[PDB]
Amino acid sequence: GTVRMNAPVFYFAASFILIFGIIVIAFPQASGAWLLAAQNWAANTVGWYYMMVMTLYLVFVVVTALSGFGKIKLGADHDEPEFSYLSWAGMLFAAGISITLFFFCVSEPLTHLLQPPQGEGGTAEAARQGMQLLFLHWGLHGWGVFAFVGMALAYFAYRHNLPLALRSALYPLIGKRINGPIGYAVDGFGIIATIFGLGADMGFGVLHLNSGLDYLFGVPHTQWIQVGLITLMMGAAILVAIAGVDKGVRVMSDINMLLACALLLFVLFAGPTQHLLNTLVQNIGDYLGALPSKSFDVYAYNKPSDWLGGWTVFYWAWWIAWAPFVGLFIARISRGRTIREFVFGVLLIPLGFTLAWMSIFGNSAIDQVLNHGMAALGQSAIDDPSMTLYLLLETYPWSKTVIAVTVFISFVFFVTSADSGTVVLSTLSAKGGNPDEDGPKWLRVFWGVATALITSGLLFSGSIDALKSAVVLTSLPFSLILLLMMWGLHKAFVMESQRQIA
Amino acid sequence: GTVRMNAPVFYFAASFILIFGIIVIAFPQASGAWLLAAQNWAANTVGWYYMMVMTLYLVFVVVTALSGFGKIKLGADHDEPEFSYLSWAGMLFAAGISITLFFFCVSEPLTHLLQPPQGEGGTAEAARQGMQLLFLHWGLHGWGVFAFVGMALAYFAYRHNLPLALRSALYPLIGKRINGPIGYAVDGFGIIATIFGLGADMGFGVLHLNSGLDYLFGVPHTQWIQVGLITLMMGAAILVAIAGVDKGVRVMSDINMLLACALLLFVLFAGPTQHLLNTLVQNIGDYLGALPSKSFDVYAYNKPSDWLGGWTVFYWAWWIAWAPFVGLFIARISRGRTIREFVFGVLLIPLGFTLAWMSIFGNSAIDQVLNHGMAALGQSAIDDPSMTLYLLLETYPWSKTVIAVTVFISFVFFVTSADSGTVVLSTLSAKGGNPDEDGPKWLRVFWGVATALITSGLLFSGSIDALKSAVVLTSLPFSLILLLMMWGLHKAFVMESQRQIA
Amino acid sequence: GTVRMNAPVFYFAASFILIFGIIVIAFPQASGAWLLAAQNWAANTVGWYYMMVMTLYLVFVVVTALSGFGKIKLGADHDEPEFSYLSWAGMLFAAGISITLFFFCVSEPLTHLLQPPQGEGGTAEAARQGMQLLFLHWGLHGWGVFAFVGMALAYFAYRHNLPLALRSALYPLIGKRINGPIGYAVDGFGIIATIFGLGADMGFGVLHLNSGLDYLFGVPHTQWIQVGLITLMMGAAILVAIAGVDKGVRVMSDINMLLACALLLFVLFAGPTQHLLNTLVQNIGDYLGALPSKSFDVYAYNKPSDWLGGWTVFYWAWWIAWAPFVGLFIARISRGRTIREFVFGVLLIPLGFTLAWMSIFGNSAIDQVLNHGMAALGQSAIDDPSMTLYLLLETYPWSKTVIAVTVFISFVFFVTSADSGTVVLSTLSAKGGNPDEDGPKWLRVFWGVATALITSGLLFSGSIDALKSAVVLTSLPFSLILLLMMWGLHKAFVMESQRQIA
Ligand SMILES: C[N+](C)(C)CCO
Ligand SMILES: C[N+](C)(C)CCO
Ligand SMILES: C[N+](C)(C)CCO
């Protein structure tokens, strides 16, 4: 009949989050020690497992699209797409990228130059290796799991007339038991990872936004200021989701996506243009040359440390935690397309903007720390990673206008990403109605207030190292579910191949 | 009618072996000098040729299986396989691996660390490079020639109704002349290589077995002890081949293959587990990253030496010499399968166990020579490579029980490999009867006593450097025959492509 | 009706060349400074663009031949080839290779050893890196653009019944407007690049030929001697083109192509044969291992210099400038073949001879500068690159006969390449008649005298650095036309794919 709540999933997913969020708020000092102890345990005990499973998804989705299965339509064999490609291409940006592109664009390459994982720092191979780790952390591996989840969700819904849910890919394995205890756990385990990923993103955004106001006006860094920042950021995203406007939203996304390109072009043409163009091509070459061996590097013959638990394993856990939300969002606007076209669009359209942004913005700061002798900019990336971007931007013409534009652009990016997150969260916990509409409207408020509570709890207990620990701990049970879904999809493809010739 | 002897092949193959084996036994001092002189000549004169031809086989078999020819059945287009995959897979282990997996697992990586082919020894890149040479010597190159010979033998026998012989792949080139002087030389040249490969394997096994008894009881290393060891090892394998039991044999193989995994798991869980898991993933990454360039490395710009004639060219000659026996064994249990399924089973099922064994066992010893300061273990790999495994195993709990189990497991491995070798040897020199049965039973005894004689002659004249020289010298005329067979197979595939469209 | 002149193309292409050629002859001192200033500007401003576009052509032609489009015939689906493969294979040599193979074979690897682009010179990694740059500069990248132009020209002429011209590949974009102002500029811009490439080749040939006569007889290096050398070289190639003989020409080509192999075998067997064979395999391995990363190397993190504008960007501009002449020559003898067969013949038949020549001749000189202490041979590659080959050849048996043979072979190579250039140049500026015949005979004389004038002007103003600058400056507007042609070909392939299933 009508849409409603799926109680076995809601209660399971909501009793974990609300119990975790109170222990961290009532005991901030005991929680920051245990989360710091678990982060060093994970890097040494389950570090190889993440590196092993992140490559399987990419190899699977590439081999599938290059083979003869890339001819299968994502609907019936005679229906057509519903969007202009232009409107398809632009809807991937709004959901994929967020405010954390401003937090890591300058301070992360300056950290790998002064403290490399192997070698001696401050030289010319440290820079070449740091701009390569930066391409690895934002490249094909991350966009390859989004495409996997999206393809698996669209295939079982538009060809087999099954619900749009994570458990439908287990149908070739257990049949009608996707409506029992086994299928409800798969759906409850996929909400916890999403909540923790969104919380980490929102916490990094609060930290980035608190420094711009300090630079411009003089607002202090206080615990009661961050509460108001969280309130503003989340109340501006709940009221856009419960208001039922999509024209103004998708029209405002595109405006922000043009201002982003204007800012990128200003930064490119107001600096060393030829140096930046040369380093762009150099970085592309280095990444493609070292890809097949950097996928398994764990620095096993060096002296033991905990570098891996804060940089690469964190990134693999973070992309896995964001996969359920972006996959179900891209599956809804891809009916009528073939597998090859879908995969090669998702892998290459949002990646070219991200890698260009990262290259230009990181090389602009490396060039000024190495060649112009600006050491207070590189020392800031270690003690205060939230102020490095403004220290770089204050060396440009009309510096107090570019910063005021950057603050606004960054706020709008976060709003247009959180607004789409709450809708998908309310859909993953509903049941019934038409298989093209979203869940009830009282669940968006609930799943927004829950994320606000989690973020508030995790920042006031350990800052940046607590978010990275919670994500790595909570993304573990969903990787095995992804492997099971891969098995089910492979088992469906063989019945496809037999049925086309028999 | 009935099976019988193929006299033109038997006399040609038996007059070379019996004449070679008496000269070495009657003149042990003059034979050890000439075999040592030939080993340094070969490494410099025909070293590039082996590296050039070993890559052709692998590229051929991979491109064939990835193309549209991978759809062709290895029988008629409507018959089905005869085995359970489980029993097909387990039968590849029994024939492929032997007792020499215990002789090289610990002492070879410890040799590449203290005496690298390029660089300075005892450091942390010497270990990373040695564990990469070890993966190259036991990886895809060796299992890629087995698959080539097996596919070529099954194709011409189950689709064109030709004999199961090495000369049938020359039919598209010379027609009915495979039953004349040209086809008999091709079959006689393939028995000599097999005999010398088996002799080298048996000699390394005698050396490995003589040290365990010294460690346990106190048996000396004497020339009259090795004669009794050879007698026991070969008399235990002739009586299993002339007795006509396959249930008890294939059932005892599987028992030994479970004890091997139990021993591997004990060694993994009784040591530094996390270090070993990390180094496993690191080794996989390093091998896959350096594969396309290490295929042609001959160290040509360095100072001249003879490193290549004892390590890499020896391994290429040894795999080529073992190809005729394993190919005809795997061709008999693969009727009804497609080319792609056969190739991707043979390349990946027996390789994962071998590479895991090598990685775990080599890293366990590198970790204890570098980090725990055990120099008498690394000095033993240079002066006495037969005692290094026991020196490593004596640092574990209950050390005198694990060694007594290892000795037994190693003896059973050799027996289940030699038993299958003699049957195929008696088949390669027979003619007539049904094309699913084996040759007469008086030829198994003959080809076993011949191998015993060759091994006895080669050990008492130069020990380990004489076996490596004889193999490299006697595997030269069979590589050209393999190239001719590749030409014939390519010429048959084009007549396949037309007939499917005309 | 009959063939005639295409005046809008002729006047456009002939007013640029004749105006450029007089300014350089009337002002030799002011022209050598501006051409030297432009060479350093280009290396820094448009260096990344050439590296970016040269890889697109290769990736396009490889992916096209490996896909299902490699089955399309280059004519009608039922006609057969017209040549014997033997006469097809041999006609690619005569047009592809020229006299500049003798100018760079010895002096270029000796320059990269003593002045590497990165590192320290005179050691054993400088040699390994120089023999790798030499393989990059004469390998797959250059032969991959020839195949692209040839395939694009044959496809639109033998399947769609369009003229054999460069503008026919713009038909899917603008239709009947290929016979107006847009199509005439595309054809006029393709003659200027060809003229400048031919001029550079002829200038290097004059320099190489002037030193052999100095060595043999004692002819000085004078400005009035080079005028006579140019007169002889070009008058011997106009009289072969206006005489109408192809049997004697294609028959004399094959004779020269046998003398070349005889000379290569003499040089291989009169020196260190085993060292040379080992280094050949080593070079193949190094090139294939470093190919996917050396395609984007611009040395961006090193100290700024102008190395790129004289070595790699010059080579990319030179191959692009030679593409229009060789593409239209190979398109005329390839009717009836499939795309895959054409591409894999062009990529692999002329490349194996070139890479073997380069390897043997460069390693013969590296081995004698490093190991035998011959420093006057390596100092000559810096101050006088035209005399290095004779200094190397004078250390062989019967040295005054090999040099007299080399001079003749080099002269005949240039003649058989220029003779075919003038015919294609007269065809690119004609219109009418049968689409299998060549243009009028008064245009061959014109386009030969024009090249002579350009060469005379560019050598008397800056020698070797002026040719390299003119080529890099004049090959810029044709790369964009090549991109447009790629777009048109892709747009035609999709109408192929739809029409085979509908
Ligand atoms: C926030 N992540 C980096 C995980 C994904 C961005 O789209
Ligand atoms: C003994 N070889 C290494 C040659 C083959 C093992 O299957
Ligand atoms: C002269 N180039 C090197 C440009 C081409 C030779 O065929």
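Below, each value reflects all heavy atoms present in this structure, side chains not excepted, and no hydrogens, waters or symmetry copies. Per chain, numbering begins at 1; letters A, B, ... match sequence-line order.
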K.L.:
Looking only at side-chain N and O atoms, does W88(C) offer a donor or acceptor that is under 3.5 Å from a partner on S334(C)?
P.N.:
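The answer is yes; a qualifying pair exists.
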K.L.:
Are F146(C) and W319(C) close enough, and set up right, to give a ring-ring contact (aromatic ring centres under 6.0 Å, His included), and what steps lead you there?
P.N.:
CA-CA 8 Å; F146(C) 288 179; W319(C) 285 97; 5.3 Å; yes
K.L.:
Between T395(C) and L391(C), is there a donor-acceptor pair closer than 3.5 Å when you use the side chain of the first and the backbone of the second?
P.N.:
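Looks like no, no N/O pair under 3.5 Å.
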K.L.:
Looking at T279(C) and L276(C), would you say the former's side chain and the latter's main chain have a donor-acceptor pair under 3.5 Å?
P.N.:
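A pair under 3.5 Å: yes.
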K.L.:
Can you name the closest pair of heavy atoms from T123(C) and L113(C) and give their distance?
P.N.:
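Distance-wise, the nearest heavy atoms are O-CD1, 3.7 Å.
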K.L.:
Is it true that a side-chain atom of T474(C) and a backbone atom of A470(C) form a donor plus acceptor pair closer than 3.5 Å?
P.N.:
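Checking the backbone N and O of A470(C) against the side chain of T474(C), a donor-acceptor pair under 3.5 Å is found.
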K.L.:
Only one of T451(C), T100(C), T455(C) passes side chain to side chain donor-acceptor pair (under 3.5 Å) with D201(C); say which it is.
P.N.:
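Filter result, single survivor: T100(C).
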K.L.:
For residues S461(C) and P28(C), report the shortest heavy-atom separation together with the two atoms involved.
P.N.:
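For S461(C) and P28(C), the tightest heavy-atom pair comes out as CB-O, 3.6 Å.
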K.L.:
Donor-acceptor check, side chain of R337(C) to backbone of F342(C), threshold 3.5 angstrom: yes or no?
P.N.:
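Between the backbone of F342(C) and the side chain of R337(C) there is no qualifying donor-acceptor contact (under 3.5 Å).
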K.L.:
Would you say the side-chain atoms of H137(C) and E108(C) include a donor-acceptor pair closer than 3.5 Å?
P.N.:
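Judged by distance alone, the side chains do pair up.
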K.L.:
Does the plane of the ring in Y299(C) sit parallel, tilted or perpendicular to the ring in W307(C)? Use 30° and 60° as the thresholds.
P.N.:
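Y299(C) and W307(C): perpendicular rings.
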K.L.:
If you take the centroid of each ring, where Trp contributes its six-membered ring, are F103(C) and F204(C) closer together than 6.0 Å?
P.N.:
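Yes, they do, as the ring centres are separated by less than 6.0 Å.
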K.L.:
Do you see a donor-acceptor pair shorter than 3.5 Å between the side chains of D367(C) and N371(C)?
P.N.:
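Yes, because at least one side-chain N or O of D367(C) sits under 3.5 Å from a partner of the opposite role on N371(C).
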K.L.:
Can you confirm if the aromatic rings of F314(C) and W318(C) lie within a centre distance of less than 6.0 Å?
P.N.:
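Yes, the ring centres sit under 6.0 Å apart.
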K.L.:
Hey, what do you get for OG1 (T388(C)) to CG (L393(C)), rounding to the nearest 0.5 Å?
P.N.:
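Rounded to the nearest 0.5 Å, the OG1-CG separation comes to 11.0 Å.
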K.L.:
What do you reckon, are the aromatic ring centroids of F446(C) and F10(C) less than 6.0 Å apart?
P.N.:
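Yes; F10(C) has its ring centre under 6.0 Å from that of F446(C).
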K.L.:
Would you kindly say whether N278(C) and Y301(B) are connected by a side-chain donor-acceptor distance under 3.5 Å?
P.N.:
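There is no such pair (donor and acceptor under 3.5 Å, judged by atom type) between the side chains of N278(C) and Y301(B).
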K.L.:
Considering only NZ, NE, NH1 and NH2 on the basic side and carboxylate oxygens on the acidic side, decide whether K468(C) and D465(C) come within less than 4.0 Å.
P.N.:
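No.
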K.L.:
Less than 6.0 angstrom separating the ring centers of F361(C) and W357(C), yes or no?
P.N.:
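Aromatic pair counts; centres sit under 6.0 Å.
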K.L.:
Examine distances only and state if a side-chain atom of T422(C) and a backbone atom of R444(C) form a donor-acceptor pair shorter than 3.5 Å.
P.N.:
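Flag not set: sc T422(C) to bb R444(C) has no pair under 3.5 Å.
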K.L.:
Looking at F196(C) versus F20(C), is the centre-to-centre ring distance below 6.0 Å?
P.N.:
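Yes - the distance between ring centres of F196(C) and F20(C) falls below the 6.0 Å cut-off.
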K.L.:
Just verifying a value: how many Å separate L92(C) CG and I97(C) CD1, rounded to the nearest 0.5 Å?
P.N.:
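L92(C) CG to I97(C) CD1: 11.0 Å, rounded to 0.5 Å.
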K.L.:
Quick one: does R332(C)'s side chain have a donor or acceptor within less than 3.5 Å of a partner on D436(C)'s backbone?
P.N.:
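Such a contact is found between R332(C) side chain and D436(C) backbone.
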K.L.:
Start with the C-alpha distance between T55(C) and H141(C), add both sets of side-chain angles, then the distance that settles side-chain contact (heavy atoms from CB on, under 4.5 Å), and finish with yes or no.
P.N.:
CA-CA 7 Å; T55(C) 304; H141(C) 275 90; 3.8 Å; yes
K.L.:
Whether the side chain of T312(C) engages the backbone of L308(C) through a donor-acceptor N/O pair (distance < 3.5 Å, no angle test) should be reported.
P.N.:
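Here the side-chain-to-backbone pair does not exist.
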K.L.:
Looking at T222(C) and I225(C), would you say the former's side chain and the latter's main chain have a donor-acceptor pair under 3.5 Å?
P.N.:
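Such a contact is absent between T222(C) side chain and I225(C) backbone.
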K.L.:
Any donor and acceptor pair, going by atom type alone, linking the side chain of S456(C) with main-chain N or O of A452(C) inside 3.5 Å?
P.N.:
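Side chain of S456(C) to backbone of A452(C), a donor-acceptor pair under 3.5 Å: yes, one is there.
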K.L.:
Check whether the side chains of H275(C) and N363(C) place a donor and an acceptor atom closer than 3.5 Å, and report yes or no.
P.N.:
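Short answer, no.
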K.L.:
At what distance, to the nearest 0.5 angstrom, does CD1 of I284(C) lie from OG of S359(C)?
P.N.:
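Answer rounded to 0.5 Å: 7.5 Å.
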K.L.:
Under a 3.5 Å cutoff, is there a donor and acceptor pairing between the side chains of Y215(C) and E394(C)?
P.N.:
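Present: a donor and an acceptor within the cut-off.
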K.L.:
Could you give the distance from CD1 (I255(C)) to OG1 (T416(C)), rounded to the nearest 0.5 Å?
P.N.:
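Reported to 0.5 Å precision, the distance equals 12.5 Å.
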K.L.:
Under 3.5 Å, is there a donor-acceptor pair between the side chain of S417(C) and the main chain of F413(C)?
P.N.:
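The answer is no, because no donor-acceptor pair under 3.5 Å joins these two groups.
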K.L.:
Measure the spacing between CG of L453(C) and CD1 of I22(C) and express it to the nearest 0.5 Å.
P.N.:
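CD1 of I22(C) is found 7.0 Å from CG of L453(C).
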